[PDB]
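Structural description and commentary
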Amino acid sequence: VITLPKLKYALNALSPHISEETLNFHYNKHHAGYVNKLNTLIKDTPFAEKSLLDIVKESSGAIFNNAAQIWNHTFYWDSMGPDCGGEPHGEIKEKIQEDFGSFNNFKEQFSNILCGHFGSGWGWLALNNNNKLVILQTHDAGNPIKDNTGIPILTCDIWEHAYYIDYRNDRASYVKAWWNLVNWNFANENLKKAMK
Amino acid sequence: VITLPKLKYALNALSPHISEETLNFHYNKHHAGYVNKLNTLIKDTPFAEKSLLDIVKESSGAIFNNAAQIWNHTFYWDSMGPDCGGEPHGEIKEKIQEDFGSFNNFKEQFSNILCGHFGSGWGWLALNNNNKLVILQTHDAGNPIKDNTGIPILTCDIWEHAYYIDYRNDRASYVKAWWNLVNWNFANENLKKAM
Ligand SMILES: [Fe+2]
Ligand SMILES: [Fe+2]
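Before going into details, it helps to say that this report is about the structure given with it.

Thresholds, definitions, all that
Residues numbered from 1 in each chain as written, not as in the entry; some residues may be left out. Chains lettered and ligands numbered in written order. Heavy atoms only, no water. Helix = DSSP H or I, 4+ residues; strand = E, 2+ residues; numbered from the N terminus. Rg over C-alpha atoms; globule rule 2.2 N^0.38 Å. Donors = N, O, S within 2.8 Å, 3.2 Å for Na, K, Ca; no water. Tetrahedral: all angles 85-135°; square planar, octahedral: opposite > 155°, others 65-115°. Contact = heavy atoms within 4.5 Å. Buried area = accessible area lost by both parts, 1.4 Å probe. Salt bridge = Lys/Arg side-chain N within 4 Å of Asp/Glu carboxyl O. Polar contact = N/O pair within 3.5 Å; in protein donor to acceptor, adjacent residues only side chain to side chain. Pairing = 2+ DSSP bridges. Axes fitted to C-alpha atoms, helices over the stretch in contact; angles between N-to-C directions.

Each helix and strand counted, chain B has nine helices and three strands in total. Listed N to C, the secondary structure of chain B is α-α-α-α-α-β-β-α-β-α-α-α in terms of helices and strands. Here the C-alpha radius of gyration of chain B, 16 Å, is about what a compact globule of 195 residues would show, namely 16 Å. Its C-alpha atoms put chain B at 50 × 40 × 30 Å along the principal axes.

In the first shell of the iron ion (ligand 1), the protein supplies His26 of chain A (NE2), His73 of chain A (NE2), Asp157 of chain A (OD) and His161 of chain A (NE2), at 1.9 to 2.2 Å from the metal. Taken together, the four donor atoms coordinating the iron ion (ligand 1) and their angles of 84 to 124 degrees define a geometry best described as irregular.

A separate point is the interface of chain B and chain A. Taken residue by residue, the interface counts 20 residues in chain B and 20 residues in chain A. The contact between chain B and chain A buries some 1,900 Å² in all, and 59% of this surface belongs to carbon and sulfur atoms. Our enumeration of links across chain B and chain A arrives at two salt bridges. For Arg168 of chain A, the salt bridge is made with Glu21 of chain B, and the minimal N-O distance between the two is 2.8 Å. Counting across the interface, chain B meets chain A through 10 residue pairs in polar contact.

Residues and elements named next belong to chain B. Strand order in the open sheet formed by three strands is β2-β1-β3, with antiparallel pairing between adjacent strands. Each edge of the open sheet is held by one strand with a lone partner, namely β2 (133–139) and β3 (151–157). Ignoring which end each strand starts from, the neighbouring axes of this sheet average 25 degrees apart. Relative to β2, strand β1 (residues 121–127) is paired through seven bridges, and the arrangement is antiparallel. Along β2, the bridge assignment pairs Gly123 with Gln137. Its contacts with the sheet place helix α4 (residues 91–100) against β1, β2 and β3, and it is angled at close to 90 degrees to β2.

Structure representation (C-alpha cells):
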C-alpha cells in the first residue's frame, strides 16, 4: 500500500507564512485523503504494486489525479521549511543568475505566473530538456514529469485550499509569503539529480 | 461597461448553510473581481460593446474565463435563496420524477457528481434538445451554453472558495447544506423558458 511521507518539520514550522491550521488541513486532510483514495482505486489493477512515480507516468483518470496529487504534495512540502527562504545558495543560485539574470527577476516572473493562473494548479521551477531553468504552470494534478516538459526543482501549490484560510482570495500575499519558506537545499538536490 | 448584477437577497440570507462571510468574499471579491478584470480586458476590443452572453460564446482565454465566471456566479446566486430548498415543487418536481424517477434519486446522483468533481468547477441541472433533464459538470469557468450540452436550469459552484471558509475540505457537507438553499422557483422559471 501507498503511504503518506512524513513532513520534515512540525505543523507550525511554516508559521506565520503558512499557518499550523493550513498545514493541518492541507497535509492531514487533503494530502492524506489522496493517499487513502489512491489505495482504494489501485486495488485489483496493474498499478497495485508499482511505485507512485510509475503510477503517475502510466495512469490516467482518477488514478492519475490522486497519484499525481500525492507526488505533487510531497514535492511541495519538501520545497519548503523552517529557517529557509531568502536568497538561493549553491548551484541553484548560479543557475538562476545564468537563466533569469537575477533571483529578483526569477521571483517577479514566478509570482506573475502563479498569480495569473486560472483555476486549481501548480507553479514549477523546472529544468527543461535544453538544460535551462524555466517556470511552468500546470492545471489540477498535472506535472512536468507526466508532460515530459522538464525535471521539477521546486513547486508552489496554488489550489485555493493552499491559502484560503490564511489569505482568502489574496493569492498574491500567499505567494509573497511563500518566498520566506523556499528550501534551496531541496532545489540543489533536484538540480544535481537533473543534471546527472 | 459590464456590471455586477445585484443579489436578490441579503448577504446573510443563506446562513448558516453558507455564511455571510462566504457570500461577502465570494460576491464582493471574486465575483466583483471577474467584472473588473473583464472590463479591463475587453476595452478597445470588438467585445467592448457586446453582451456578457455574446462574450461567453464568442471569446476564448482570459476574456472567456472572466466573462463565463460572471455569468456562472449570477446563475449560482439566483439558483439559491432564503426559505427555499427542501422538496421541489411545480413543474420541476414533476420533470425530475419523470427524468430521474424520484427527487431522492436525482438528489443523490447530483450530490455524487458535485462531490466527485476533481479541481475547480460547476455542477449543472440542464435541459437537453430532447426536453430531458440532464446532470452536467464543467471544469473551471466552463458552462453548458458554451458547450451546447443544454439549457441551464440550476448550478452549484464547487470551486473551493465557495465553501472553504465554512466547511474547509468537507465538500460533502457543503453540498448537503446547498440542498437547503436550492431555489425551485428559479428552476421553474428556467424550465418554462427552456421547453
Ligand atoms: Fe494542495
Ligand atoms: Fe465561485
